[PDB]
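> Take a look and give me a structure for this.
(chains A, B, C, D and E)
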Amino acid sequence: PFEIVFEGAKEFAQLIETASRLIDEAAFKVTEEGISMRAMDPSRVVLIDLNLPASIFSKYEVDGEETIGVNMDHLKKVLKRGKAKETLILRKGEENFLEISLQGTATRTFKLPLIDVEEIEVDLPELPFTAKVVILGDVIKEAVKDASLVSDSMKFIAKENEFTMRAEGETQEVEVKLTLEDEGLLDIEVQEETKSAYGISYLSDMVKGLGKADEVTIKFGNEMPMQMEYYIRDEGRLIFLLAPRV
Amino acid sequence: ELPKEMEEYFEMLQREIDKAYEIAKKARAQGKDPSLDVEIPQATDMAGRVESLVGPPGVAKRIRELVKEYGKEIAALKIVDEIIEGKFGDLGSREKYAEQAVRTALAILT
Amino acid sequence: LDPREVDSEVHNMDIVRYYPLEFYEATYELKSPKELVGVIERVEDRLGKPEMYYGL
Amino acid sequence: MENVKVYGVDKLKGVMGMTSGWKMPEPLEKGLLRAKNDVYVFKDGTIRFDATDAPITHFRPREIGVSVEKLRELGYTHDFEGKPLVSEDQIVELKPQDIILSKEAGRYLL
Amino acid sequence: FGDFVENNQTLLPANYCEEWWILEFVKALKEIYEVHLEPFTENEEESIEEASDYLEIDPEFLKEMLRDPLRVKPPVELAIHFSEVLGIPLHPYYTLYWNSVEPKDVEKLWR
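Numbers count the residues shown, from 1 in each chain, chains lettered A, B, ... in the order given. Dropping the coordinates below:
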């Protein structure tokens, strides 16, 4: 019987599209604290975590807690219908239906039946991250684009006050390097020299849709999984956990 | 006959085959498939394969005895003679007898 | 598995560690392989005995 | 989909028409589970893998990437000269019904 | 050889190789010094010692070369010494394709 309201339905639609670009079935946990989602891709390579606190939503009235599951394709198609200055209201009655209402000049209401999706509680604890890098969306997006242009895998090398991304192909070579003085690197900190390689397809899926004026926090180590995160409304958090090759 | 290693090898192979077959039977017993049992019988020698493929029923022991006594070709010939005369039941017209004899003899030679 | 009823082309395969000197000396005479079937042991020379699966 | 709890499947290919005389169809749950795991089907309802065949009689435990303890668990206890099997550079004799697969075959059979 | 038997193909002359050479070697050893040895197996220590003493070689080398004639080869001088003492053709590893050229070409090359 909960009711949840949001402002700027386009932002929520883009968030859902980014989250669903890698998974097919998702289960959202609704509580008093907020809405949470944690899932893994079919290849068991990338872990996706979504956290939306109650302070973001304009209205948030939940009495209890229950888990709801819905198909990502239908939800994405419905949410893509929203505009940039509309009000999104998600409602769930005593029936097992999810009502999606867009409030603009006229109110449009959609219905989506709930589907029973298996719940597998897996979590990744904190790991020792040797290097922490704060970067903008544009530099990483075009870097991944060039790496896909030349090669199939991307290598991240972080040293003291420097950050480079290399793409080694069969014939061609691409090197992109930037320092703290450049506007691409807002922050940087390195405990020790690190080097790792990751795939491009997963990176291309994750970085697509990122804005130009967006701050992305990238943490990674030596031959151990990379963690990418960025914040929405200064409290909402999306976490990507990508395993390295080999 | 065989030493104390190859016989154990074959026994363990049969043990694994039985382990798989039990689960297959238990799964098929629930009636979610075209049949209520597995549809792949297991053989052990040429006579069993011939009996399962073309028949007629009960020919396995006769084939075994004849190949033990005379040999493969003579055993096939004796099988043809026995089928034509009527050891293995009544089929009907002479066309049935000819077809069955040709099929079984070709299976035995092959 | 029973090698006695698998095929006939596999009954000509060799199971010897090395060829004898007589094979090499008879190659120079342009003989036919049937003239020295008994010199070099094949699979067909072991059928029936228990040692078909044992000492190749 | 409600039966097997598989909802996120994009494509599911079937046939234009059946070729048997019974025209008995297959359960769609099996098709959904095949589409989910990226495997295909054959005319009789089995998944098959084709490969060129080559012979082998003796092998070395290091070529096939298996430990000596695992081989002793399988049943191999000696090498082809009668010595006990204690090393990975010794030559062992293959049993008649033991096969060695490729790595594409292993990837698909996973 | 079974491939030749199955197709009923007349045997072609055999090129000289290490397996033929080792059989000639052991046969000559037995014929001259009355010592019994066999290739591709393990032999008695007494026979190995006798053969090494008669050939003035290292017994470990003899054991290794009789065990694996296809991977262990004697140096060219040792092969020449074996050919001189026992009376066997040269080791096939040091034989060149002498019959791929004409005797007149070899005449010019010799000059």
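> distance between the helix of greatest length in chain B and the chain's centre?
Counting by DSSP state H, the longest helix found in chain B is helix B:6-28. The chain centroid and the centroid of helix B:6-28 are separated by 19 Å under C-alpha atoms, centre = their mean, to the nearest Å.
> and if you look at stretch D:39-51?
That offset, for stretch D:39-51, works out to 11 Å (C-alpha atoms, centre = their mean).
> how long is that stretch from one end to the other?
17 Å (C-alpha to C-alpha, to the nearest Å).
> so does that stretch get close to chain B?
No - on the criterion C-beta under 8 Å from any C-beta of the partner chain, stretch D:39-51 is out of touch with chain B, staying 9.4 Å away. The way it works is simple: take the backbone N, C-alpha and C, and place the C-beta from them, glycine included.
> buried residues in that stretch?
Using 16 or more other C-beta atoms under 10 Å in any protein chain shown as the burial criterion, none of the residues of stretch D:39-51 qualify.
> Centre-most residue in chain A?
With distances taken as C-alpha atoms, centre = their mean, residue A:238 lies nearest the centre of chain A, 4.5 Å away.
> ditto for chain B
Central residue of chain B (C-alpha atoms, centre = their mean): residue B:48, at 2.1 Å.
> quick one on the thing from earlier: is it true that the residue nearest to the centre of chain A touches residue A:232?
Yes - with contact defined as C-beta atoms under 8 Å, residue A:238 counts as touching residue A:232 (6.9 Å).
> any residues in contact with both of those two?
Residues touching both residue A:238 and residue A:232 (C-beta atoms under 8 Å, 6 or more residues apart in numbering or on different chains): residue A:15.
> All the helices of chain C, in order from the start?
Using DSSP H, helices in chain C cover C:21-27.
> Longest helix in chain D, please.
Criterion DSSP H: the longest helix present in chain D is helix D:28-37.
> name the helices or strands packed onto that one?
Applying 3 or more C-beta pairs under 8 Å, 6 or more residues apart in numbering or on different chains; DSSP states H and E, we find helix D:28-37 packed against no helix or strand.
> Contacts (any at all) between chain C and the longest helix of chain B?
Yes - using C-beta under 8 Å from any C-beta, helix B:6-28 reaches chain C at residue B:6.
> tell me what the helix or strand that comes right after that helix is packed against?
For helix B:6-28, the following helix or strand on the C-terminal side (DSSP states H and E) is helix B:46-53. With contacts taken as 3+ C-beta pairs under 8 Å, 6+ apart, helix B:46-53 sits against helix B:59-69, helix B:94-109.
> which residues in chain D form helices?
Here chain D has its helices, by DSSP H, at D:28-37, D:68-74, D:103-109.
> Of these, which stretch is the most buried?
helix D:28-37 (a mean of 15; mean count of other C-beta atoms under 10 Å in any protein chain shown).
> How far off centre is it?
Here the centre of helix D:28-37 is set off from its chain's centre by 19 Å, with C-alpha atoms, centre = their mean.
> Kindly export it (C-alpha atoms) in PDB.
C-alpha atoms of helix D:28-37 as PDB (Å, rounded to 0.1, in the frame of the first residue of the first chain):
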ATOM      1  CA  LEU D  28       8.100 -24.900 -23.800                       C
ATOM      2  CA  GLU D  29       9.900 -24.900 -20.400                       C
ATOM      3  CA  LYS D  30      12.700 -26.900 -22.000                       C
ATOM      4  CA  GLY D  31      12.900 -24.400 -24.800                       C
ATOM      5  CA  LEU D  32      13.100 -21.500 -22.300                       C
ATOM      6  CA  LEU D  33      15.800 -23.200 -20.300                       C
ATOM      7  CA  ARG D  34      17.800 -23.900 -23.500                       C
ATOM      8  CA  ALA D  35      17.400 -20.200 -24.600                       C
ATOM      9  CA  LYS D  36      18.600 -19.100 -21.100                       C
ATOM     10  CA  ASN D  37      21.700 -21.200 -21.200                       C
END
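> hmm, who's touching it?
Here helix D:28-37 has contacts from A:42, D:1, D:3, D:4, D:6, D:9, D:11, D:12, D:14, D:40, D:41, D:47, using C-beta under 8 Å, 6+ apart.
> With distance to residue A:79 as extra columns, can I get these in CSV?
Shown next, in CSV, are these (distance: C-beta to C-beta, whole Å):
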residue, distance to residue A:79
A:42, 22
D:1, 22
D:3, 28
D:4, 27
D:6, 23
D:9, 21
D:11, 23
D:12, 25
D:14, 31
D:40, 34
D:41, 36
D:47, 38
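> so what's the closest residue to residue D:93 other than its chain neighbours up against?
If the residues on either side of it in the chain are set aside, residue D:93 comes closest to residue D:80, at 4.7 Å by C-beta to C-beta, 6 or more residues apart in numbering or on different chains. The contact partners of residue D:80, by C-beta under 8 Å, 6+ apart, come to D:58, D:91, D:92, D:93.
> In chain C, what residue lies closest to chain D?
Nearest to chain D in chain C, going by C-beta to the nearest C-beta, is residue C:1, at a distance of 4.5 Å.
> Can you name the residues that contact the residue nearest to residue A:22 when sequence neighbours are not counted?
Among residues not flanking residue A:22 along the chain, residue A:41 sits closest, at 5.0 Å (C-beta to C-beta, 6+ apart). Shown in contact with residue A:41 (C-beta under 8 Å, 6+ apart): A:22, A:23, A:48.
> now, which of these lie within strands?
residue A:48 (DSSP state E).
> just the buried members of the contacts of residue A:41?
Applying 16+ other C-beta under 10 Å to the contacts of residue A:41, the neighbour count classes A:22, A:23, A:48 as buried.
> Contact partners for the last one?
What it means is residue A:48. A:19, A:22, A:23, A:37, A:38, A:39, A:40, A:41, A:238, A:239, A:240, A:241.
> ok, the third one touching residue A:43?
Think residue A:23. No - using C-beta under 8 Å, residue A:23 is not in contact with residue A:43, being 10.6 Å away.
> ok so, going back, highest neighbour count among the contacts of helix D:28-37?
Most neighbours among the contacts of helix D:28-37, by other C-beta atoms under 10 Å in any protein chain shown: residue D:6, with 18 neighbours.
> give the contact list for residue E:65.
Residues in contact with residue E:65 (C-beta under 8 Å, 6+ apart) are E:72, E:73, E:74.
> That should have said residue E:18, apologies.
Contacts for residue E:18 (C-beta under 8 Å, 6+ apart) come out as E:69, E:70, E:73, E:91, E:92, E:93.
> Just put those in JSON lines and tack on secondary structure, distance to chain A and neighbour count.
Output for those, formatted as JSON lines (DSSP: H, G, I helix; E, B strand; the rest coil; distance: C-beta to the nearest C-beta, whole Å; neighbours: other C-beta atoms under 10 Å in any protein chain shown):
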{"residue": "E:69", "secondary structure": "coil", "distance to chain A": "42", "neighbour count": "21"}
{"residue": "E:70", "secondary structure": "coil", "distance to chain A": "38", "neighbour count": "11"}
{"residue": "E:73", "secondary structure": "coil", "distance to chain A": "41", "neighbour count": "17"}
{"residue": "E:91", "secondary structure": "coil", "distance to chain A": "45", "neighbour count": "22"}
{"residue": "E:92", "secondary structure": "helix", "distance to chain A": "43", "neighbour count": "15"}
{"residue": "E:93", "secondary structure": "helix", "distance to chain A": "40", "neighbour count": "12"}
